[PDB]
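Engineer: can't give you the sequence, but here's the structure:
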């Protein structure tokens, strides 16, 4: 036992599509990124002994967007208002599990599935240890225990949706910051994530010429 199945609710979400960061604006991706869901699982319970891997996401409510005037928080700023486009009224089921963090040899004594699983499950029944945010501070939501695939969802039987290229997550320092991308596809509401090591595109974040005609 190293699995965690949970549901995730939010009145709003903002999983920023990085191509849209121009003017002080931001548009949400249509669905959460792998990394965003990994952050949320870590909000439930985390210790550097372990690492979360997200296996699957199920999108339970119709994708819908809403624009809002906002004042971005950042040093030196005073330029707004800006307009951000948020996801509205979201509910997800998430299937994930933990593995031992082999980059921490000094934590080998702590690699105990029964300890981490029981604390993770107890923390989940309580709605987690830290605040749950859906891509931004202004988008607080919550988590609950949930059997993955239980209940009826909006995209049941809606076939394959090609959600396009998406950020999967980042590889942190082995020596440079890398971004991982993949072609996100949802089938009957389910998105199955590749593991970080199996993402088809993975390159150092450090250029304008990709967008040349």
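Structural biologist: Arrived safely. Numbers count the residues shown, from 1 in each chain.
Engineer: What segments of the protein are strands?
Structural biologist: With strands called from DSSP state E, the chain shows them at 3-13, 26-27, 50-59, 65-70, 82-100, 132-133, 140-145, 160-171, 178-187, 190-192, 201-204.
Engineer: Out of those strands, the one nearest residue 43 is which?
Structural biologist: Nearest to residue 43, of all these, is strand 132-133, at 5.4 Å by Cβ to Cβ. In this view, the C-beta of every residue, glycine as well, is placed from N, C-alpha and C.
Engineer: show me the contacts for the spatially most central residue of the chain.
Structural biologist: What sits nearest the mean C-alpha location of the chain, by Cα atoms, centre = their mean, is residue 36, with 2.1 Å. Residues counted as contacts of residue 36 (Cβ atoms under 8 Å, 6 or more residues apart in numbering) are 15, 134-135.
Engineer: about what we covered before: got the strands of the chain as a markdown table, with distance to residue 107 columns?
Structural biologist: Listed next are the strands of the chain as a markdown table, based on distance: least, Cβ to Cβ, whole Å:
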| stretch | distance to residue 107 |
| --- | --- |
| strand 3-13 | 20 |
| strand 26-27 | 37 |
| strand 50-59 | 9 |
| strand 65-70 | 41 |
| strand 82-100 | 8 |
| strand 132-133 | 26 |
| strand 140-145 | 26 |
| strand 160-171 | 20 |
| strand 178-187 | 24 |
| strand 190-192 | 30 |
| strand 201-204 | 26 |
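Engineer: so which of the ones you listed gets nearest residue 44?
Structural biologist: Ranking those by proximity to residue 44 (Cβ to Cβ) places strand 140-145 first, at 6.1 Å.
Engineer: how many other residues sit next to residue 183?
Structural biologist: Close neighbours of residue 183, defined as other Cβ atoms under 10 Å, add up to 12.
Engineer: Quick check: chain neighbours aside, which residue is closest to it?
Structural biologist: Closest residue to residue 183 apart from its sequence neighbours, by Cβ to Cβ, 6 or more residues apart in numbering: residue 165 at 5.9 Å.
Engineer: show me the contacts for that neighbour.
Structural biologist: Residue 165 makes contact with 181-184, according to Cβ under 8 Å, 6+ apart.
Engineer: which one's the longest helix in the chain?
Structural biologist: helix 113-125 (DSSP state H).
Engineer: Just name the closest of the contacts of residue 36 to residue 2, please.
Structural biologist: residue 134 (24.9 Å).
Engineer: is the closest residue to the closest one other than its chain neighbours in a bridge, and if so with what?
Structural biologist: Leaving aside its sequence neighbours, residue 134 sits nearest to residue 13 (Cβ to Cβ, 6+ apart; 3.6 Å). In this entry, residue 13 is beta-bridged to residue 87, by DSSP bridges.
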